[PDB]
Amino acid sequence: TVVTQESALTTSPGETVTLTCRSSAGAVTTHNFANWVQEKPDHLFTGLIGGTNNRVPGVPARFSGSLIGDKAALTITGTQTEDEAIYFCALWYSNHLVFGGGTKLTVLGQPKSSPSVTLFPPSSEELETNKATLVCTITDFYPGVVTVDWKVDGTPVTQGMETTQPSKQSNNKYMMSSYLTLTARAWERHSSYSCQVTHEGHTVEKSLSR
């Protein structure tokens, strides 16, 4: 029923990384015919492994499939920068296939860059409609894992915000956007607004006051 993979793994090019694929229904065996699929930006999926350990022709030799203990494995050796991607495993159970949740593989192929953060206040035109949307643009960060917190008069906001999943810029860095949508009442009931972007332990704050 539930196939589990590491949510995210980080490696550096040339190193060896191993993604695993575990099953709620017991040990993974060759009878589960583990498949590995790569997803690259623009919803581009390519089959990597089938039958646990068979490499699809055309896939670079550095990819291989195997079993490790009670789990199927995808191994990348001499990992290239282009291997930064999402990898789904899929296990076969007699009459249906179940995909894992996927592993976001980071291959450090660029120097660490901190996110450039811009906090825009609500526009005057939008306030006329009695809504107030603050827009936090987050650009030029690598690796592409960021967490975003919004503070209204110092309270962690937990609803009314939507944050984009990191998207690959042209410079191979990552970018993202976050919105905090308030009623005009909420906007005028409070005075301190801050968008906090956390990237690789350090946190960057942009803030404004009504």
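Quick note: we count residues from 1 along the sequence shown, nothing fancier.
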Q) Mean C-alpha B-factor higher for 14 to 22, or for 191 to 199? A) 191 to 199
Q) Once you work out the mean C-alpha B-factor for both 176 to 184 and 151 to 159 from the entry, which is higher? A) 151 to 159
Q.
Checking the record values for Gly47, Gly58, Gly65, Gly144, which has the greatest CA B factor?
A. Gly144
Q: Can you work out whether the C-alpha temperature factor of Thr103 puts it in the lowest, middle or highest third of the chain?
A: lowest
Q. Comparing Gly78 with the other modelled residues of its chain, is its CA B-factor in the lowest, middle or highest third?
A. lowest
(Q) Please place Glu125 in the lowest, middle or highest third of its chain according to the CA B-factor in the PDB entry. (A) middle
Q. Relative to the other modelled residues in the chain, which third contains the C-alpha temperature factor of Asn171: lowest, middle or highest?
A. highest
**Q.** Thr29 - Cα temperature factor, lowest/middle/highest third of chain
**A.** middle
